[PDB]
Amino acid sequence: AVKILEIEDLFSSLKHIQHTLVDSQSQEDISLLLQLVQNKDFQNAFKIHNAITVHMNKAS
Amino acid sequence: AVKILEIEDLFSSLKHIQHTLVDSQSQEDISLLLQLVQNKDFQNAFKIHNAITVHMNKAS
Amino acid sequence: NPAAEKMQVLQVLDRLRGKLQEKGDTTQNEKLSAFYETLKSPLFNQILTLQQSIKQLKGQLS
Amino acid sequence: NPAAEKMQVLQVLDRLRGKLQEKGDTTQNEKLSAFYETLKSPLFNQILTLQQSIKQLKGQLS
Numbered sequence: 080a081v082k083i084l085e086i087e088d089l090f091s092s093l094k095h096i097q098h099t100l101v102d103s104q105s106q107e108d109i110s111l112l113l114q115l116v117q118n119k120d121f122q123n124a125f126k127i128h129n130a131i132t133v134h135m136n137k138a139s
Numbered sequence: 080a081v082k083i084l085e086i087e088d089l090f091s092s093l094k095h096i097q098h099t100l101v102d103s104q105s106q107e108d109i110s111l112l113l114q115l116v117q118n119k120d121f122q123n124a125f126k127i128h129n130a131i132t133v134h135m136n137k138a139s
Numbered sequence: 004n005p006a007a008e009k010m011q012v013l014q015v016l017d018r019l020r021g022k023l024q025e026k027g028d029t030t031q032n033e034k035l036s037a038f039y040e041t042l043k044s045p046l047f048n049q050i051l052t053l054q055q056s057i058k059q060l061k062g063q064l065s
Numbered sequence: 004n005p006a007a008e009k010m011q012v013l014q015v016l017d018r019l020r021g022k023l024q025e026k027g028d029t030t031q032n033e034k035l036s037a038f039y040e041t042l043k044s045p046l047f048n049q050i051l052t053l054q055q056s057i058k059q060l061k062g063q064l065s
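Residue numbers (the entry's author numbering), protein chains in the order written: chain B, 80 to 139; chain D, 80 to 139; chain C, 4 to 65; chain A, 4 to 65.
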C-alpha cells in the first residue's frame, strides 16, 4: 500500500518516454517532469520519501 | 553557518572520537550522534541541507 | 504560483502515461503512476513545501 | 521526547568536542561545530520535523 518509484528509474523512464513519445508536446511535458526529477531540492524530497517508505513497509 | 558537514566525514569522525573518547560516557554520547548520522531519514535530510547549502553560497 | 507546475505535472503524468499505453509501452506507465501518486501524497507534498521554503531562502538571501 | 534527544545531542556535541580539545583532537571539532550549528538551524530542523512525522506513521501504523 504505497509503491515507490526511485527517481533513478523514474529518470531513465522519462528519458525513454521522451524518445518514446517524440510528439513534441510530449517532450515538453516529459522534460517538465525531468526538470523536477533532476532538481536538487526536489530530488531531495523524493529521496526522503523513497527510503523512508521502504523502512515503513520493512521495519514494522 | 554554511560550510556543510558531510556525514561521511562526520561519520568517520565520530568513529575516531569514539575510540579517542574512552571515557565510557563519551562513547554513549558519541554513539548518539552516530545513530542520528546513520539514521536513514536523518541522513536524507542532512543531505538536503548539504547540497542546497552549496547552491546557496554559490548563488548567481 | 509553484502549485501551477505540480498541478500541470500531475496532469502531465497522466497524459504521458496515456500515450505510452496507446503506443504500446505499459512499462514506464508504472513510473508515471508511481511518480503521480507520490506527487499527490500528503506527507510528500509537505516535503516539497519545505524545500520550496529553502528555495525562497536562496532567492531572498543577498 | 523529540526535543529531549536533539537537546541532548547539541549538548553532546559541545561535550564531545570539549574532550577532544582537551585530549588534543582539534580536528573533528569542525564536524561538531558544523553538526551542532546545522542542528540548531531552523531550516534543517523543519526538515527533520517532517521526517519525524513520517517516522510516527511507520511507528503508529500497524
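Heads up, the beta-carbon is just placed ideally off N, CA and C, and yes, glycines get one too.
I want to see whether chain B comes within less than 8 Å of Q49(A), judged by CB atoms only; does it?
Along the fourth sequence, one-based indexing puts residue 49(A) at 46. No, because no Cβ of chain B sits closer than 8 Å to the Cβ of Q49(A).
According to DSSP, is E85(D) helix, strand or coil?
Stepping through the second sequence from its first residue, residue 85(D) is reached at position 6. Note: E85(D) maps to coil in three-state DSSP.
Using only the alpha-carbon positions, how far apart do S139(D) and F47(C) sit?
Start at 1 with the first residue of the second sequence, and residue 139(D) comes out as number 60. Start at 1 with the first residue of the third sequence, and residue 47(C) comes out as number 44. Near 29 Å, if we compare the C-alpha coordinates of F47(C) and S139(D).
Taking three-plus beta-carbon pairs below 8 Å as touching, is the region 112-121 of chain B in contact with the region 6-26 of chain A?
They do not touch, by the three-pair rule.
Does the structure place the region 33-42 of chain A close enough to the region 82-90 of chain D that three or more beta carbon pairs sit under 8 Å?
The region 82-90 of chain D, when compared against the region 33-42 of chain A, does touch it at the 8 Å Cβ threshold.
Where does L100(D) fall in DSSP's three states?
Mapped onto the second sequence, residue 100(D) falls at position 21. Coil at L100(D), not helix or strand.
How would you list, in chain order, the residues of chain D whose beta-carbon sits under 8 Å from the beta-carbon of residue 40(B)?
Lying outside 80 to 139, the shown extent of chain B, residue 40(B) is not represented and no answer is given.
Compare the beta carbon distance of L13(A) and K58(A) with 8 Å and say whether it is the shorter of the two.
Locating residue 13(A) in the fourth sequence gives position 10, where the first residue counts as 1. Locating residue 58(A) in the fourth sequence gives position 55, where the first residue counts as 1. No, the Cβ-Cβ distance between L13(A) and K58(A) is not below 8 Å.
In chain B, which residues lie with their C-beta within 8 Å of the C-beta of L60(A)?
If you number the fourth sequence from 1, residue 60(A) lands on position 57. By Cβ distance, chain B contributes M135.
Below 7 Å between beta carbons is the criterion; list the residues of the region 17-45 of chain A that meet it against any residue of chain D, in chain order.
Those residues of the region 17-45 of chain A that come within reach of chain D (Cβ to Cβ, closer than 7 Å) are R18, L19, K22, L23, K26, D28, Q31, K34, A37, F38, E40, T41 and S44.
Taking only beta-carbon positions, decide if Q11(C) is within less than 8 Å of chain B.
Walking along the third sequence from the start, residue 11(C) turns up at place 8. For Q11(C), the answer is yes, since a Cβ of chain B falls inside 8 Å of its Cβ.
Identify the continuous alpha helix (DSSP H) that holds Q54(A) and give its terminal residues.
Reading the fourth sequence from its first residue, position 51 is the one you call residue 54(A). Here the alpha helix (DSSP H) through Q54(A) covers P45 to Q63.
Is the CB of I109(B) under 8 Å away from at least one CB in chain A?
The residue given as residue 109(B) occupies position 30 in the first sequence. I109(B) does not count as touching chain A.
Just tell me which of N123(B), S105(B), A130(B) and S91(B) has its CA closest to the CA of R20(C).
Indexing the third sequence from 1 puts residue 20(C) at position 17. Considering only alpha carbons, the answer is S105(B).
Along chain B, in chain order, which residues have C-beta atoms closer than 7 Å to that of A80(D)?
For this step, residue 80(D) is matched to residue 1 along the second sequence. Within 7 Å Cβ-Cβ: nothing; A80(D) doesn't reach chain B, min ~19 Å.
Identify which residue in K22(C), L60(C), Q55(C) and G62(C) has its Cα closest to the Cα of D108(B).
Your numbering for residue 108(B) matches position 29 in the first sequence. Per the Cα distances, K22(C).
Mind checking if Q63(A) is an interface residue toward chain B, Cβ cutoff 8 Å exclusive?
Along the fourth sequence, one-based indexing puts residue 63(A) at 60. It does not: the Cβ of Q63(A) has no partner Cβ on chain B nearer than 8 Å.
Which stretch, first to last residue, makes up the alpha helix (DSSP H) that contains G21(A)?
Here residue 21(A) corresponds to residue number 18 of the fourth sequence, with the count starting at 1. Unbroken alpha helix (DSSP H) run through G21(A): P5 to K26.
Whose Cβ in chain B lies nearer than 8 Å to the Cβ of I131(D)?
Here residue 131(D) refers to the residue found at position 52 when the second sequence is read from its first residue. Simply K119, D120 and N123.
Between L112(B) and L100(B), which are expected to be in contact by the criterion C-beta below 8 Å, what is the C-beta distance as a whole number of angstroms?
By 1-based counting over the first sequence, the position of residue 112(B) is 33. By 1-based counting over the first sequence, the position of residue 100(B) is 21. Contact flag wrong, Cβ pair sits at about 12 Å.
Tell me which same chain residues have a C-beta within less than 7 Å of the C-beta of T29(A), skipping the five on either side of it?
In the fourth sequence, the residue the question calls residue 29(A) occupies position 26. Cβ within range, chain order: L23.
On a CA-only basis, which of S103(B), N129(B) and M135(B) is nearest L89(B)? Give me that one, please.
On the first sequence, residue 89(B) is found 10 positions in, with the first residue counted as 1. Closest by alpha carbon: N129(B).
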